Amino acid sequence: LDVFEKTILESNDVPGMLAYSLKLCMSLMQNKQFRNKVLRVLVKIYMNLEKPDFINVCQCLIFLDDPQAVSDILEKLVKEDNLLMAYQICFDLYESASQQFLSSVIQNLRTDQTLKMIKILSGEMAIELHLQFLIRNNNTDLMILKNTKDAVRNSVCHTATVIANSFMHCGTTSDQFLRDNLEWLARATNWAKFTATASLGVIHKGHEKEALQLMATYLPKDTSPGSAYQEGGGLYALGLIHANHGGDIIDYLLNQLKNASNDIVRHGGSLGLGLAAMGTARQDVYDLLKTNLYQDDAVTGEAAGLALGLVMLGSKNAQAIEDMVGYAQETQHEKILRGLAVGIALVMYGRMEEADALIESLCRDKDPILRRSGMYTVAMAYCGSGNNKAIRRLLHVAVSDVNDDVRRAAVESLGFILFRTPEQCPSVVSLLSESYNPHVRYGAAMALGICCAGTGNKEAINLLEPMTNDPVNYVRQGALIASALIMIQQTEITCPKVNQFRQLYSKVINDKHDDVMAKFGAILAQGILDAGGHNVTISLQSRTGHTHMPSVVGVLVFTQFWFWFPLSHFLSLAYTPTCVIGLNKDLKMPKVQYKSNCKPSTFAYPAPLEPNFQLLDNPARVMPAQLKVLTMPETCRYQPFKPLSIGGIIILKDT
Amino acid sequence: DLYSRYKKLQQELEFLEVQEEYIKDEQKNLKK
Amino acid sequence: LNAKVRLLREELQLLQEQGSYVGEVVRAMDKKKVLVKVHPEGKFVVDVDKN
Amino acid sequence: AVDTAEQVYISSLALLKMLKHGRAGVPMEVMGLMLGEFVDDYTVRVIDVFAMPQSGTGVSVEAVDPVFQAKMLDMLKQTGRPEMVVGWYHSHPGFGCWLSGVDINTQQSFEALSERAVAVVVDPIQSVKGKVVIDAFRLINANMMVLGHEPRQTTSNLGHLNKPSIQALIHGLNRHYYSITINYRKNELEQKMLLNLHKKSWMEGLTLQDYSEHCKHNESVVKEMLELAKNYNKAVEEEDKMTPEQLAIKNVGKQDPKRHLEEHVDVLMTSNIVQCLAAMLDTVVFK
Ligand SMILES: [Zn+2]
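Going down the list, the protein sequences come from chains A, B, C and D. Take 14 as the starting number for the first sequence in my numbering and just add one per residue. Take 182 as the starting number for the second sequence in my numbering and just add one per residue. Take 50 as the starting number for the third sequence in my numbering and just add one per residue. Take 116 as the starting number for the fourth sequence in my numbering and just add one per residue.
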C-alpha cells in the first residue's frame, strides 16, 4: 500500500481516480484479509481531505464492520453543527447495514436531543415515507385478477390466487380484492386459512403503528370461530407486516408462545417470531424455540427449524450449529428435518470461509435432507461472491449425486453465487437447462430466476422460453416463476417479450387442460410480475453497494415452496421499493417534480386492458434501469445533496 | 483500464477450468 | 449423449400410442377427403392430415 | 383432511418379500399384510411384511383369515418387535397398478379398523431392472365426491411429481382412490451387504481358463474375421450412394460387417489381455 499511499496524492487530482479504485477493489478483490487493508486505506484519504467526502465514507466503512468509527464520524458532523451531510448519510446507513451493526451504533449516540438520531436510524420515518410512497401511487388492475377469478376452482388455485393478489399489494394495505368478495374466500379451508390470513400480513407490511389492533379481529374472546388456523396465522401475519422490525412485538410474540395450545398455531408463532426478530441472536428467544422445537411434532418442526435460523442468522454460533445439526440426526419425523435444511444454512451467512468445517460435514452426510441443507449453506456461505471453489463443489453434486432434491437445490444455489455478475450467470446453466433429469431443469429455471431477477437479460429469457413448454408439469412451474422475477417492472425497456409473456400467462390460466400445479406458477407469476402495483422490485443488492440481507434470505425461503405452500410468503422481504424521495432539512417532504430525458412510452404503466420531459412529483417512482435518465430542475429552490443517480431517500438542499 | 483487463480475464480463465470439470464430470454420470 | 438418454427415455412412453391401420385408397374424394378400404374390415371415408 | 405428502417409506427388505411373493403366484393375486409403524401425521413407514396363505384356486383377494393373522402376529412379537398392521399388498401380474372392484371393497374393511391404512399394489412382471412399480394407493370417501369438494387439501408441490399412468387413470384413479408417493430407505450396512455381495467371486482371478481351449477359441473367432473382413470390402464400395436412408433401410435383412467385425475384435482383445496378464501375475505370486 505504500506505493498506493504515495499515489493517493499525485500530479492528477481525485476526480475519478480514487473513485474507480473503490469500484475496482470491490468487484475484484477476493480475500478479505487484503480487502480490509485496501478499504480502510481508502477511508484514510477521505478523512484528511480538505473537503472530505462523506456520502461514501460510511458506505466504504460498513464492509469493515467498525460500529464505533461511524458513530464518531457522525458526531463530528454534529459538533461541526451541520445536520445536512450528517442526516443523509444516516439514512443510507440504515438501509444497507446489518441490524447488529445498526444496533451497535445507537448505543453510542444514545449512551428532545436524543430523538433526532435514534429515529433516523430505525428508519420508522422511512417506512412511513415508504408506506406513504406506496399508497400515494397504486395502480393495480381489478380485471387482471378478475380474469383469474373465473379460472379459480376448488383446487389449489384458490390458495394460489390468494397468494397472487397479496404480492400486488405488498404494503399498499388495499384489502378490497379480498373484501368485495368473501363467500369465495370461504371456499378453501383447513390450510388456506393460514395462507389467506398470511396474505393479509404482506398487504399491510409497514403499518407498524396500527398493527396489534388490526390483528385484533382474530382474538379468542371476540369471535372464537370453529377453526384455530385463522387465529394462528395472525402470529404469522405480524411477521410479514413487521418484517425485519421487532419492537413491542417481541414481547407480544413471546407472550403468546409461552402459553402453548395444540401446535397448529405454534407454527405461526415460530415463523412470526423469527420474522419479527430476524438476525438478532437474543438468547431469550433462542431458548424458547428449542423447547418448542424439541416437542418433536412434524407440524411444529418446520416453524421451529426455520425460525431458529432466522433469529440467529449470520451467527456461526458453536452451540447453535451443534444443537441444530444434533437434532437433525435423531428425529424420526421428516418435516422437522426439512425445516432444519434452511435453519442451519441460514445461521452461516456471509462467511465464505467459516462454512468449510460445516460444509464438509453436511455435504458428506448420509441423510438426503442434510446433504441439500449443506448445499444451501454454500449457497449462503458465499452469497454474491462468485467463488470458484464453491461452484466447483456445487456443480459436481448437481450432476453426480443420487437424490433428486439435493440435486435440485444444488443448481438453485448457483444463482446466489453468481448474481453479482449477471451476464455470465446464464453461462453455467445453458447446458443444464435441458438435462435428462427433469429436477435438474427446475433448478436451472430457478437458478436464473433468483440470479438475474433484477435485470431483464436477453440471453436469460431466451433460455426460459423453450422450457416454458416442457412436458414435465412441475418443471413448467419453475420456468414461469423465473420470467416473473426477471421482467419485474419491465415495460418494453429490456426486450419486447414483456407483452407476450403476460398473454402467455392468461392462456395457461384460462385453459382447462393444464396441470393444476402447472398453472400454480402461472397464477403466482402474474402476481409477481406486478408486485405491489409496479412500485416494488426484487434486487439482492442495494444501490449503496451492499448485499441486501432480507432479500437474499427471503428469496431463498420463497424457493422452498415445494414442501410448504404457506412458507412461500417470504417474498415480501426481498421486495424493495424503486423510488426517489426528497425531504426537507429535518422531516418535511417538499412538493417538487423531476423530469425525465427519455420517451414517455418506456416509463409508461401497463394500463388496464412524443414528450421527452416526463413529469414526476417528489413522491415519484423511477425504475433503477431508467433512474439515470431523470432531470433535476436547477431553476427550483431545492437542490439534491445526494447525486441524482442512485435512488432512495435524498435530503434535498434548498437554495 | 488495463488492470481492469488483466484481472478481468484472470477470472475468465479460472472459470473455463470449472466448466471443464463439470462437463467432464457429467460425462462419467450421463454415460452411466 | 444427453439427447440419446432423453430419446430412449421417451420411447417407453412412445411405444404405447395405438398403432395405425393399413388400408388401400380406392378413389380420392372432394374436400380433401379420401375413401379407403382397410385390411379385413369395411370401407371408410376418412379425413387427411394436412402434412 | 389428508396431507397429500404421505410419502410411504417401505423398506430395503419389505420390497424383496413383496416381489418374491408376487412372482411366486404370478398367475393369481396373492395378498398379505404390511407390518409398519405410523410416525408422523404426514408419513407412514413399513418395516416388515408377511404373506397370507392362498385360499386355493381363483385369482382373487377375496378375504383375509382372522385366525392366521393373530397366530403369526402373536408369534413375531415374542422374537422380533411388536408391529401393527398398517396395510395390505396384493400383486397384479401384468395388468398394472390400480384397485379393482373387489380390491376396493376389501380395502374399506381395513380402513374401518384403522383410519390411515395404506393399500399397496406390486407388479412382478412389469418391473424389470431398475423400476419396481408399486404405486401404493388409498381410498377416497364417496361423500366428498357427492359433496364435490376435492380431497387431499394439497399444501405442497410434493405429491404432483409422478404423472398418473393412463392405464391406472382409466380405473378409479383420483375418482375412487388416490395414490400416495412411495420412496425407500437405504443404509450403507444394507447396501454394502447387498451391492458388494451379489456378483462376486473368491479366487477366480488367478485361473488361466483352460489354456488349451483358449487358443482354440481364438482360432474360431479369428477365422470368422477372414470371411467377415472379405464381406467388409464388398460393404464399402456399394455404400456412400444416394439416399443413405435407403442405404440405412437396406441393412435390415443382412448382417452388417461394420458392427459384426467390431464385436469380435472387442472380445478378442479383452480375452487375451486378461488371459495374458494373469500369466505374468501368477508367475510372481507363486514362487
Ligand atoms: Zn387387485
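Every residue, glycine too, gets a C-beta built ideally from N, C-alpha and C.
With the criterion set as a beta carbon lying under 9 Å from some beta carbon of chain D, the members of the stretch 165–178 of chain A are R166, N167, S168, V169, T172, in sequence order. Contact annotation: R406(A) and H452(A) have beta-carbon atoms that are not nearer than 8 Å. Close to chain B, meaning a Cβ-Cβ distance shorter than 7 Å, are the following residues of the stretch 29–48 of chain A: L37, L41. Taking the Cβ of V236(D) as the reference point, at least one heavy atom of ligand 1 falls within a distance shorter than 7 Å. Contacts between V75(C) and chain A, judged by CB atoms closer than 7 Å, are missing: the closest CB pair is about 37 Å apart.
Neighbours of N51(C) in chain A, taken as residues at a C-beta separation under 9 Å, are given in chain order as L444, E447, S448, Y449. The beta carbon of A403(A) sits closer than 7 Å to those of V391, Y395, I430, all from its chain and outside the five residues before and after it, given in chain order.
Per the C-alpha coordinates, the member of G397(A), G399(A), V424(A), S398(A) positioned closest to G387(A) is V424(A).
Minimum Cα-Cα distance from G173(D) among the listed residues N346(D), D163(D), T194(D), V141(D) corresponds to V141(D).
Interface annotation, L191(D): not in contact with chain A, CB-CB separation never under 8 Å. The criterion of a C-beta distance shorter than 8 Å is satisfied by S581(A) and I176(A).
In the DSSP assignment, the residues bridged to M146(D) are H205(D). Under a criterion of Cβ atoms nearer than 8 Å, the residues of chain A adjacent to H264(D) are, in order, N167. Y455(A) sits in a helix when the DSSP states are folded into three classes. Residue burial is scored here from C-beta neighbours: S170(D) has fewer than 16 other C-beta atoms within 10 angstroms and is therefore classed as exposed. At a cut-off of 8 Å between beta carbons, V391(A) makes no contact with chain B. Taking 8 Å as the threshold, the shortest C-beta distance from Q306(D) to chain A does not fall below it. Taken in chain order, the whole alpha helix (DSSP H) runs of length 4 or more contained in the stretch 488–569 of chain A are 510–523, 529–542. Here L461(A) is buried, its C-beta having at least 16 other C-beta atoms within 10 Å.
Proximity of the beta carbon of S215(D) to ligand 1 is indicated: a heavy atom of the ligand is located closer than 7 Å. Against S271(D), the close residues of chain A are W575, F576, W577, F578, in the order they occur along the chain (beta-carbon pairs closer than 7 Å). Taking 8 Å as the cut-off, the beta carbon of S609(A) is found no closer than this to the beta carbon of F583(A).
When 7 Å is used as the limit between beta carbons, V83(C) is near no residue of chain A, the shortest such separation being about 30 Å. Residue pairing of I662(A) in beta bridges, as defined by DSSP: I594(A). Relative to the non-hydrogen atoms of ligand 1, the Cβ of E144(D) comes within a distance shorter than 7 Å of at least one. Interface annotation, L276(D): in contact with chain A, CB-CB separation under 8 Å. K212(B) reaches chain C at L50, counting residues in chain order whose Cβ is nearer than 8 Å. For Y59(A), the uninterrupted alpha helix (DSSP H) segment begins and ends at 45–60. Nearest C-alpha to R123(A) among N152(A), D85(A), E137(A), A492(A): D85(A).
Of the heavy atoms belonging to ligand 1, none sits nearer than 7 Å to the Cβ of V85(C).
Rounded to whole angstroms, the separation of the alpha carbons of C38(A) and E93(A) is 32 Å. In this structure, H207(D) has its beta carbon less than 7 Å from a heavy atom of ligand 1. Taking the Cα of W203(D) as reference, the smallest distance to any Cα among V176(D), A283(D), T358(D) is reached at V176(D).
Using a Cβ-Cβ cut-off of 7 Å, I404(A) is close to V199 of chain B, given in chain order. With a 10 Å radius around the Cβ and a threshold of 16 neighbouring Cβ atoms, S274(A) comes out exposed.
With contact defined as three or more Cβ pairs closer than 8 Å, the stretch 137–150 of chain A and the stretch 184–195 of chain A are in contact.
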